[PDB]
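Step one of this worksheet: look at the structure below.
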Amino acid sequence: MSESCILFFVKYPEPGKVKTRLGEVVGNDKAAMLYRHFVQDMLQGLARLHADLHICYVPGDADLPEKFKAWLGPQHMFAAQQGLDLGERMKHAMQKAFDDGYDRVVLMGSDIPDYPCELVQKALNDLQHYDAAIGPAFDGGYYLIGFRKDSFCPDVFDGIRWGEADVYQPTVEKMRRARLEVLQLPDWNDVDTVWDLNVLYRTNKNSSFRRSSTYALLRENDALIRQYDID
């Protein structure tokens with residue numbers, strides 16, 4: 001096993017169970033197909049890094065394990081997320097990875113399909129020299145969190161008001177109070193709404209995300225997406 005591990009948080013892309021806010025505009029089937037492709041594209045990028053990858057899925061029906069294998073492939077490592085809320089789920093996944101013997105672990109979400117893989121590698125590299133890493137999202141939370149084993153502070157997941165506030169500042173505050181040296185990664189936008197999708201589409205003309213399966217889908221949906229232009 002690698003010294004590094006990437007924990008990749010996903011949900012099975014069933015219509016009506018994912019990206020419902022985007023679905024209100026483009027339809028639940030299309031919102032789920034887009035998200036399906038977000039995940040596929042990110043996996044292709046992550047599966048190539050200098051780190052083991054654990055795909056951690058939102059818990060659900062008993063048929064999920066084989067559904068995941070049939071979708072993303074039987075060769076990947078899949079595990080159900082476990083815990084009462086997102087903070088417990090993250091704490092448990094990271095704690096498990098460290099128990100498994102990893103030195104450096106990053107946990108990230110699956111709503112940032114254009115995120116450059118090299119920044120994930122950079123984060124892992126930088127964790128050799130920092131206690132923690134965090135990537136701020138435009139929406140007030142974070143799209144990535146990482147720790148080196150000897151610095152792991154599970155308490156940063158405790159007492160956060162999941163879904164009731166902006167969690168990034170309280171988190172960075174708990175890290176400061178823990179006397180951690182923290183690497184801050186670039187701000188990035190999670191793609192939640194049709195407006196976010198429009199920006200994703202219009203700002204990645206001429207970047208390497210243009211060759212992705214996600215972007216191919218967006219191009220097919222040009223006439224639809226361009227009806228939601230934001231300045």
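A note on labels: chains of the structure tokens are A, B, ... as shown, every chain counts residues from 1, and ligands are counted from 1 in their shown order.
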
**OP:** Please identify all polymer residues within 9 Å of residue A:17, counting only C-alpha atoms, omitting same-chain residues fewer than 6 positions from it, and present them as JSON, numbers by chain.
**Re:** {"A": [11, 28, 32]}

**OP:** Would you list the contacts of stretch 55-59 of chain A as a count of residues only, taking every protein, DNA or RNA residue within 12 Å and counting only C-alpha atoms, but skipping same-chain residues closer than 2 positions in sequence?
**Re:** 54

Subject >> Residues within 8 Å of residue A:198, only C-alpha atoms, excluding chain neighbours under 4 positions, as a list in words >> reply: residues 194, 202, 225, 226, 228, 229 and 230 of chain A

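For residue A:20, the list of residues within 10 Å, based on only C-alpha atoms and with local chain neighbours fewer than 3 positions off taken out, reads residues 15, 16, 17, 23, 24, 25, 26, 27, 28, 29, 31, 32, 192 and 193 of chain A.
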
For those residues, write N, CA, C and O atoms to a file as an mmCIF file, in the first residue's frame.
data_model
loop_
_atom_site.group_PDB
_atom_site.id
_atom_site.type_symbol
_atom_site.label_atom_id
_atom_site.label_comp_id
_atom_site.auth_asym_id
_atom_site.auth_seq_id
_atom_site.Cartn_x
_atom_site.Cartn_y
_atom_site.Cartn_z
ATOM 1 N N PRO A 15 -31.593 8.859 -10.387
ATOM 2 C CA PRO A 15 -32.458 10.036 -10.580
ATOM 3 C C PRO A 15 -33.369 10.287 -9.389
ATOM 4 O O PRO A 15 -33.972 9.355 -8.804
ATOM 5 N N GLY A 16 -33.411 11.546 -8.990
ATOM 6 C CA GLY A 16 -34.212 11.982 -7.864
ATOM 7 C C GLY A 16 -33.500 11.891 -6.529
ATOM 8 O O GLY A 16 -33.973 12.409 -5.540
ATOM 9 N N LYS A 17 -32.346 11.237 -6.493
ATOM 10 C CA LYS A 17 -31.594 11.082 -5.249
ATOM 11 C C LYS A 17 -30.333 11.920 -5.228
ATOM 12 O O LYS A 17 -29.661 12.000 -4.193
ATOM 13 N N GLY A 23 -31.796 19.352 -10.986
ATOM 14 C CA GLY A 23 -32.929 18.653 -11.606
ATOM 15 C C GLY A 23 -34.219 19.438 -11.768
ATOM 16 O O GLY A 23 -35.001 19.168 -12.674
ATOM 17 N N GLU A 24 -34.450 20.400 -10.883
ATOM 18 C CA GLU A 24 -35.656 21.278 -10.942
ATOM 19 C C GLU A 24 -35.701 22.038 -12.247
ATOM 20 O O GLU A 24 -36.772 22.355 -12.782
ATOM 21 N N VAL A 25 -34.527 22.251 -12.806
ATOM 22 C CA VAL A 25 -34.373 22.993 -14.074
ATOM 23 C C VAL A 25 -34.144 22.080 -15.271
ATOM 24 O O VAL A 25 -34.861 22.186 -16.250
ATOM 25 N N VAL A 26 -33.194 21.148 -15.179
ATOM 26 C CA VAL A 26 -32.820 20.352 -16.335
ATOM 27 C C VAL A 26 -33.493 18.978 -16.370
ATOM 28 O O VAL A 26 -33.349 18.230 -17.345
ATOM 29 N N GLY A 27 -34.172 18.632 -15.287
ATOM 30 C CA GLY A 27 -34.810 17.318 -15.170
ATOM 31 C C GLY A 27 -33.978 16.386 -14.313
ATOM 32 O O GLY A 27 -32.767 16.406 -14.390
ATOM 33 N N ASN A 28 -34.632 15.566 -13.507
ATOM 34 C CA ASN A 28 -33.894 14.685 -12.595
ATOM 35 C C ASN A 28 -32.999 13.694 -13.301
ATOM 36 O O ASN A 28 -31.891 13.430 -12.831
ATOM 37 N N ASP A 29 -33.441 13.149 -14.432
ATOM 38 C CA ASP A 29 -32.604 12.164 -15.140
ATOM 39 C C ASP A 29 -31.296 12.796 -15.627
ATOM 40 O O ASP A 29 -30.222 12.198 -15.491
ATOM 41 N N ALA A 31 -29.851 15.599 -14.518
ATOM 42 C CA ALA A 31 -29.046 16.065 -13.366
ATOM 43 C C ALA A 31 -28.235 14.882 -12.852
ATOM 44 O O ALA A 31 -27.039 15.019 -12.558
ATOM 45 N N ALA A 32 -28.870 13.713 -12.779
ATOM 46 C CA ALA A 32 -28.180 12.496 -12.320
ATOM 47 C C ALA A 32 -27.130 11.988 -13.335
ATOM 48 O O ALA A 32 -26.047 11.531 -12.925
ATOM 49 N N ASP A 192 -23.713 22.784 -8.000
ATOM 50 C CA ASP A 192 -25.004 22.454 -7.354
ATOM 51 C C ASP A 192 -26.211 22.877 -8.213
ATOM 52 O O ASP A 192 -27.136 22.129 -8.380
ATOM 53 N N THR A 193 -26.184 24.100 -8.714
ATOM 54 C CA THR A 193 -27.336 24.692 -9.393
ATOM 55 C C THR A 193 -27.085 24.829 -10.886
ATOM 56 O O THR A 193 -25.966 24.666 -11.347
#

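Distance annotation: of A:221, A:171, A:95, A:203, the residue with the minimal separation from residue A:150 is A:95; atom set is only C-alpha atoms.
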
**OP:** Could you find all residues in stretch 88-202 of chain A that DSSP calls strand (DSSP E or B) from the backbone, and write them as a VMD selection string?
**Re:** chain A and resid 104 to 108 132 to 137 142 to 148 182 to 184 188

Just-selected residues, C-alpha atoms written as a compact mmCIF listing (two decimals), in the first residue's frame:
# COMPACT_ATOMS: atom_id res chain seq x y z
CA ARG A 104 -1.19 11.07 4.73
CA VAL A 105 -4.84 11.18 3.85
CA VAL A 106 -7.00 13.58 1.87
CA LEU A 107 -10.79 13.43 1.75
CA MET A 108 -12.67 15.17 -1.03
CA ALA A 132 -3.42 19.76 7.68
CA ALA A 133 -4.80 20.88 4.36
CA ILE A 134 -8.19 22.40 3.45
CA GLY A 135 -9.80 23.60 0.25
CA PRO A 136 -12.40 26.36 0.60
CA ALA A 137 -15.57 26.11 -1.45
CA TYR A 142 -14.79 22.92 2.03
CA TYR A 143 -14.28 20.58 -0.90
CA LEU A 144 -11.15 18.93 0.53
CA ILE A 145 -9.68 18.23 3.98
CA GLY A 146 -6.42 16.39 4.76
CA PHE A 147 -4.15 15.43 7.60
CA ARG A 148 -0.87 13.71 8.27
CA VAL A 182 -2.59 24.42 7.75
CA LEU A 183 -2.15 24.51 3.99
CA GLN A 184 -4.91 26.37 2.23
CA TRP A 188 -13.21 26.22 -5.89
